[PDB]
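Residues per chain are reported as follows:
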Protein chains: 2
Amino acid sequence: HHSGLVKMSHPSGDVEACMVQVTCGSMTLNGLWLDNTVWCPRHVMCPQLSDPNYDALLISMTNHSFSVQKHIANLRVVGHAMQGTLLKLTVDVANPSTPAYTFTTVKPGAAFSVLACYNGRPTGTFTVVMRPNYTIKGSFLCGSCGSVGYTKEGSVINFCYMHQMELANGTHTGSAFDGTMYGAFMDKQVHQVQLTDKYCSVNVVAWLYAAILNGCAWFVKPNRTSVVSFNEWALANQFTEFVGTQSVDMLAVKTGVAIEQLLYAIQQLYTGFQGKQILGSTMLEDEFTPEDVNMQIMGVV
Amino acid sequence: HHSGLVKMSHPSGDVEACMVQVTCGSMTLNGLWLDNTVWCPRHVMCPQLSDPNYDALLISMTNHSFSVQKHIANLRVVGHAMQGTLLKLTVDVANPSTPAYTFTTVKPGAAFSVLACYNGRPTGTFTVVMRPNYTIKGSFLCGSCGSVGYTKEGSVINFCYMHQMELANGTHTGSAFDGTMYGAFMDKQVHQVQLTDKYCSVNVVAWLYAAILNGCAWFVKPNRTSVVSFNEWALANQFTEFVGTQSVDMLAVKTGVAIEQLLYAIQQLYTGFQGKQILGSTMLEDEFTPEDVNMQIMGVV
């Protein structure tokens, strides 16, 4: 039985109309063009990208150091500034396709859509969850820096991610549009310690509820673990602590299974499934959120 | 270690600009508006959708039976015709956002992108493989009929799917734009036998090669099975017969592992992984194609 659950991304139209190519000397990557501002990673200023002095690089630059092309036009740069790990270029024309938008920060376990681009040309879209160590399991190649991740509320786009790097274990990180990197990472071509990932408990619970909404419920016993008792279990077992939400509450209402019944389940399943399947998997799945389950299986925003 | 592989869809921009809402009396669904033609499922003509007479319904209709709204305008219908399970409405204005496009038929194991829509409003994009029983494991709700699936070559969009139904096991099917349904299915609200699914061998091979390109290769032995010998194995074991492609050939070249080495591997792994993992899974994965692996891990179109 198929669960109705797929990795689903927002439609990328509105964001595609905001992507440009930024070139500063030898280096070329993607930017995001909203109003009269173009955002892009600052290492576009760098030739030898290990321990570089972006402050010195920045001052070395004038407005004519930066070339910005729209492929999906040429924008004249009339300003330049650095904010954390991003450049903030000002251009003479405002993007007439600028969406209604905000900037935001995504939190571990939250999902968002990524528009992957090369040379300012949109090439693919996918959706990820911010992991607990502030990486994502994306699909990025050389030239992908500057691709953006975003959520959408109504017609408003919430930009949350500008892509910056691949870590040794093949995951990816980038920055928020305040210029801070997610996690403790730095935008230099240096060795960095990746933190440990954890299962996202709220999302494993969402998934068990998705199984239930598909008729799969052998793992539900009457037993129960309190959130508090579970959260002390979690800290010893590479699970995040669990924090409930109204979205998880809707699922408990629709199915009549209590959060605490599944917290207990997680505790048992972690040790072993015992040769059984859950939604065609034999390991806990934490890549779907309570909102994904509410929307895709029940129609609920 | 993360493999760099995600379920990746084309950017949906060009197609979003082609989606409209079609309403005929009580029933509302999505259409695809290219040039002066709007395509939509024919059961929009139906009130009691079991054993309906579309031929009689069709004749019962005039041009003023059909209302077509663009939300992402109102199009006057000046023609109407039925082709298999689709209506072909002619409208007075041609879509000025019409992409370069073709129609095509997708084959089992091939991947494509779906733009899911409600009331003519794009709401999500995802990517699927056409299964061997001509269903897809999608994410569709009431009102989703008329959403479209498509591939993309260069700037040309290859429309291959217009969504029609959910089968009892939770999978989905629809038609090609010649109006034929995929598989033996019919667009009536009646019981239908679903055929058996099979593992897609070419795609399990692509996946084992993706593991190899990520350093994971414990399952590679020197042993070998011929395609022919494997294809006779497959017919007894719910695998598709394997047909190689140049894309699978590139992977064999880049890694120096022979197709036949992995065909043998599949044969052993099918019985059991023996408590080992492959790319973080413990079952064979057939949802990624040789082209997905070539593009996402190596940059190769």
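Method of structure determination, per the deposited record: X-ray crystallography was used for this entry, reaching 2.2500 Å resolution.

**Focus: the sheet that holds strand β7 (residues 86-91) of chain B**
Residues and elements named next belong to chain B. Taken in spatial order, the seven strands make up an open sheet running β5-β4-β1-β2-β3-β7-β6, and their pairing is antiparallel. Each of the sheet's edge strands pairs with one partner strand only, and the pair in question is β5 (74-75) and β6 (77-83). The sheet contact formed by strand β1 (residues 19-24) and strand β4 (residues 67-69) spans three bridges and is antiparallel. Note on β4: the bridge partner recorded for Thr 23 is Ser 67.

**Brief notes about the interface of chain A and chain B**
Each partner contributes residues to the interface: chain A has 36 residues there, and chain B has 36 residues. Around 2,400 Å² of area is buried between chain A and chain B when both sides are counted, 61% of it from carbon and sulfur atoms. Our enumeration of links across chain A and chain B arrives at zero salt bridges. Across the chain A-chain B interface, the total number found is 15 residue pairs in polar contact. At the level of secondary structure, the elements contributing two or more residues to the side of chain A that touches chain B comprise α1 (13-16), β10 (121-129) and α7 (290-298) of chain A. When residues of the side of chain A that touches chain B are assigned to their parent elements, the largest contribution, five residues, is made by β10(A). Residues that form the side of chain A that touches chain B fall into these classes: twelve nonpolar, 21 polar and three charged.

**Remarks on the packing of aromatic side chains**
Residues and elements named next belong to chain A. Within this structure, the stated rule accounts for 38 aromatic pairs over all chains. When the ring of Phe 239 is compared with that of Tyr 270, the centres are 5.1 Å apart and the planes differ by 85 degrees; the resulting orientation is edge-to-face. Taken together, the residues span a long stretch of sequence, with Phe 239 in the loop between α4 (227-235) and α5 (246-255) and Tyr 270 in helix α6 (residues 259-271) at a distance of 31 residues. The class of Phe 239 is buried, set by a relative accessible area of 1%. Judged by relative accessible area, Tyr 270 falls into the partly exposed class, the value being 35%.

**Regarding the relation of the copies chain A and chain B**
Here the two chain copies are tied together by a rotation about an axis and a shift along that axis. Between chain A and chain B, which share one sequence, the superposing operator has a rotation angle of 180 degrees and an axial displacement of 0.0 Å; the RMSD is 0.0 Å. Considering both components of the superposition, the chain copies are consistent with a two-fold axis. Considering only C-alpha atoms, the residue of chain A closest to the rotation axis is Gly13(A), which sits at 1.9 Å. By residue overlap, the copies meet face to face through one surface: 100% of the interface positions of chain A are interface positions in chain B.

**Focus on the side chain of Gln21(A)**
Residues and elements named next belong to chain A. As for its placement among the helices and strands, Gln 21 is situated in strand β1 (residues 19-24). Among the polar contacts listed, one links the side chain of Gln 21 to the side chain of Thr 28, at a separation of 2.7 Å. For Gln 21, the residues in contact, after removing those within four places along its chain, are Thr 28, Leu 29, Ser 67, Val 68, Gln 69, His 71, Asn 119 and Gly 120.

**A short note on the packing of helix α3 (residues 201-212) of chain A against α7(A)**
Residue and element names in this part refer to chain A. Two numbers describe how α3 lies on α7: the axes approach to 8 Å, and their chain directions differ by 25 degrees. Judged on the interaxial angle alone, α7 and α3 are roughly parallel. Every residue of α7 that contacts α3 at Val 202, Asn 203, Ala 206 and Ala 210 is listed here: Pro 290, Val 293 and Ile 297. Looking at the contact of α3 with α7, its residues break down into six nonpolar, one polar and no charged.

**Here we look at the sheet that holds strand β2 (residues 27-34) of chain A**
Residues and elements named next belong to chain A. If you walk across this open sheet you meet the seven strands as β5-β4-β1-β2-β3-β7-β6, and the pairing is antiparallel. Taken across any chain shown, the strands that pair with only one partner, and hence form the sheet edges, are β5 (74-75) and β6 (77-83). The sheet contact formed by β2 and strand β3 (residues 37-41) spans three bridges and is antiparallel. Each bridged residue has a counterpart across the sheet, and for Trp 33 the counterpart in β3 is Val 38.

**Focus on the environment of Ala234(B)**
Mapping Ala234(B) onto the fold places it in helix α4 (residues 227-235). Measuring from C-alpha to C-alpha, the distance between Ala234(B) and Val129(B) comes to 19 Å, with 105 residues separating the pair along the chain.

**A few points about the domain arrangement of chain A**
With domains assigned, chain A is organised as domain 1 (1-16 + 100-197), domain 2 (17-99) and domain 3 (198-301). When each unit is reduced to the centre of its C-alpha atoms, the spacing between domain 2 of chain A and domain 3 of chain A is 43 Å.

**Comments concerning the state of the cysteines**
All names here are of chain A. Applying the stated rule across the entire model yields zero disulfides over all chains. The thiol of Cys 200 is unpaired, and the distance to the nearest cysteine sulfur, on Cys 160, comes to 15 Å. A relative accessible area of 3% means that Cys 200 is categorised as buried.

**Quick word on the pairing of strand β13 (residues 172-175) of chain B**
Residues and elements named next belong to chain B. Of the two faces of β13, the one holding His 172 and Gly 174 and the one holding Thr 173 and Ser 175 are both buried throughout. Pairing of strand β12 (residues 156-166) with β13 involves four bridges; the strand directions are antiparallel. Considered in β13, the bridge of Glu 166 is made with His 172. In sequence, β12 turns back onto β13 through a hairpin of five residues, with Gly 170 there showing a positive phi of about 90 degrees.

**With respect to unusual backbone geometry**
Phi at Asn119(A) is positive, roughly 55 degrees, even though this residue is not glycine. Within the secondary structure, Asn119(A) is located in the loop between β9 (111-118) and β10. Judged by relative accessible area, which is 44%, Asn119(A) ranks as partly exposed. The phi dihedral of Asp51(B) is positive, around 40 degrees, even though this residue is not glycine.

**Regarding helix α3 (residues 201-212) of chain B**
Residues and elements named next belong to chain B. With twelve residues, α3 should cover 16 Å at 1.5 Å per step; its first-to-last C-alpha distance of 17 Å lies within 8% of that length. Extensive coverage of α3 is indicated by the burial of twelve of its twelve residues. Along α3, the positions that sit buried rather than exposed are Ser 201, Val 202, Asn 203, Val 204, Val 205, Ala 206, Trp 207, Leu 208, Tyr 209, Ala 210, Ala 211 and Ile 212.

**Here's the deal with the pattern of salt bridges**
Residues and elements named next belong to chain A. On inspection of all chains with the given rule, the structure shows ten salt bridges over all chains. Ionic pairing is found between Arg 131 and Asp 286, a salt bridge with its closest N-O pair at 2.8 Å. Here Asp 286 lies in the loop between α6 and α7 and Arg 131 lies in the loop between β10 and β11 (148-153), a separation of 155 residues in the sequence. Taken individually, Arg 131 and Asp 286 each receive the classification buried, so the pair is uniform in this respect. Three or more residues are tied together by salt bridges with common partners; here these are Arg 131, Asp 197 and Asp 286.

**Re the side chain of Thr125(A)**
If you trace the backbone, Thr125(A) turns up in strand β10. A distance of 2.9 Å separates a polar side-chain atom of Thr125(A) from the backbone oxygen of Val114(A).

Criteria and cut-off values
- Residues numbered from 1 in each chain as written, not as in the entry; some residues may be left out.
- Chains lettered and ligands numbered in written order.
- Heavy atoms only, no water.
- Residues with missing side-chain atoms left out of burial classes, pairs and counts.
- Pairing = 2+ DSSP bridges.
- Helix = DSSP H or I, 4+ residues; strand = E, 2+ residues; numbered from the N terminus.
- Contact = heavy atoms within 4.5 Å.
- Buried area = accessible area lost by both parts, 1.4 Å probe.
- Salt bridge = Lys/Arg side-chain N within 4 Å of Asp/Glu carboxyl O.
- Polar contact = N/O pair within 3.5 Å; in protein donor to acceptor, adjacent residues only side chain to side chain.
- Nonpolar A, V, L, I, M, F, W, Y, C, P; charged D, E, K, R; others polar.
- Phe/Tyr/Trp six-rings, centres within 6.5 Å; stacked < 30°, edge-to-face > 60°.
- Buried < 20%, exposed > 50% of the residue type's maximum accessible area, 1.4 Å probe, protein only.
- Least-squares fit on C-alpha atoms.
- Axes fitted to C-alpha atoms, helices over the stretch in contact; angles between N-to-C directions.
- Parallel < 35°, antiparallel > 145°, perpendicular 65-115°, else oblique.
- Domains from an automatic or database assignment.
- Disulfide = S-S within 2.5 Å.
- Expected span 1.5 Å × (residues − 1).

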